[PDB]
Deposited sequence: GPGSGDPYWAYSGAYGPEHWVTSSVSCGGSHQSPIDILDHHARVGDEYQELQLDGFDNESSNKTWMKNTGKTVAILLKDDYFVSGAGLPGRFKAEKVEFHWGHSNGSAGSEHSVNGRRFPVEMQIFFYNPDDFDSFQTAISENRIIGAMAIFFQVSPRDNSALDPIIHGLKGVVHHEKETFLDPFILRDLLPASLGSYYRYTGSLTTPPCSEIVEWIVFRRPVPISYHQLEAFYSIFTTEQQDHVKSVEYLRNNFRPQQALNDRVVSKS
C-alpha cells in the first residue's frame, strides 16, 4: 500500500522497484535534458501567482522533503498542457553542503544546488490532487532550479524562515506571506516539456513536466537552512534521527520520448 523507501541505504532509489514496480518503467523522471535534442504551443500563462499567499498556507517536514501545502488558488495553462492546472503543493530537493548537486533534472549535464517542484492537478476534471493521483490521472509539475548567488534572495525569505521552524521530521509551521511568482525564474520564456513520472514511489508515469531553463538565485547562507534539516530512517526495530540531505532521485533513460523546448 505504501512501502518504506529512502534516498539511500537498503531501501534506496536503486531498490525502489523491488517494492514499487512502476519505478522500473521506461517513462521515468527525472532526466538530463540535452538542448540540441529538444524539438521546438500556446503561451505559458500563470494565474494567481502574483497574489500574496494567505496565512493559512503552511510548511511540513515530511521526512523526504520539506513541503509547502498551498491554500490559495494558483493556475497554469498553455505550454501544451491539456486544460487548466491548479497548484497543490511545492517540494524541494537539495545536496549536502557548499551548494553541492541537489537537483533532480539537469540541463546539458548541469545540475543545481536546489530543485523546487510545484505539483498541479486539473481542478475541473477532478475535485482534488489526491483523487488525480489515485486514478493515475494526468498531473502537472514545474521544475525550478536555484543557482548560487553572492547575496540573499529576499524573495526566498519566508521560505528560508519556514525551514528554520521545521528542522525535524513531522514538524509543521505557518509561513509569512510570499509571492509564488517570485520563486519562479525572472524569465519564463525558455522551458522544456516532456512526459515522465513522479520522482518518488510509486513513480507513476502520469506527469507533464515543465522544466524552466533559467534558475532562481539563492545564497550560501540561505542554503544552510536546507542543509540544517533532519529526517528519520528505519532499520530492523530501530528508528534514527538523520541528516536530510541529497534527497534526489538519480536520473532515468529517455527511451522513446522527446523533449520539447519553447
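Visitor: Could you sort out which parts of the deposited sequence are absent from the coordinates (no C-alpha) and give them as ranges from 1?
Guide: Missing from the model are residues 1 to 4, 45 to 47.
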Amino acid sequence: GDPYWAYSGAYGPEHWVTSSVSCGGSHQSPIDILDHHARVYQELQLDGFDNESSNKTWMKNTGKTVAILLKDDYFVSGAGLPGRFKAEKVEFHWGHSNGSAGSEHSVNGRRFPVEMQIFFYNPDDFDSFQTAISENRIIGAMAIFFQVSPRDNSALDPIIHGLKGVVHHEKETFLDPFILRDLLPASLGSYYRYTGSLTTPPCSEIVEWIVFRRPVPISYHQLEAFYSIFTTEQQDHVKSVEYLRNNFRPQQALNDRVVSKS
From here on, numbers count along this sequence of modelled residues.
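Visitor: Which is higher in the entry, the mean Cα B factor of 75 to 83 or that of 105 to 113?
Guide: Comparing 105 to 113 with 75 to 83, the higher average CA B-factor belongs to 75 to 83.
Visitor: On mean Cα temperature factor in this entry, is 207 to 215 or 41 to 49 the higher one?
Guide: Mean B over CA atoms: larger for 41 to 49.
Visitor: Quiz for you: based on the deposited Cα B-factor, which of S190, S100, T173, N153 is highest?
Guide: Checking the PDB record, the top C-alpha B-factor among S190, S100, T173, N153 is at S190.
Visitor: Among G162, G95, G140, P123, where is the Cα B factor highest in this entry?
Guide: Comparing C-alpha B-factors across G162, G95, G140, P123, the maximum falls on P123.
Visitor: Taking the chain's C-alpha temperature factors as the reference, tell me which third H36 falls into: lowest, middle or highest.
Guide: It falls in the top third of the chain.
Visitor: For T199, return the chain-relative third of its C-alpha B-factor as stated in the PDB record: lowest, middle or highest.
Guide: Lowest third.
Visitor: State the tercile, meaning the lowest, middle or highest third, of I133 with respect to the CA B-factors recorded for its chain.
Guide: CA B-factor rank for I133: highest third.
Visitor: Quick one: classify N247 as lowest, middle or highest third of the chain based on its Cα B-factor.
Guide: Its C-alpha B-factor, which the entry lists for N247, ranks in the middle third among residues of this chain.
Visitor: Taking only the Cα B-factors deposited for this chain, tell me whether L254 sits in the lowest, middle or highest third.
Guide: For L254, the deposited C-alpha B-factor lands in the highest third.
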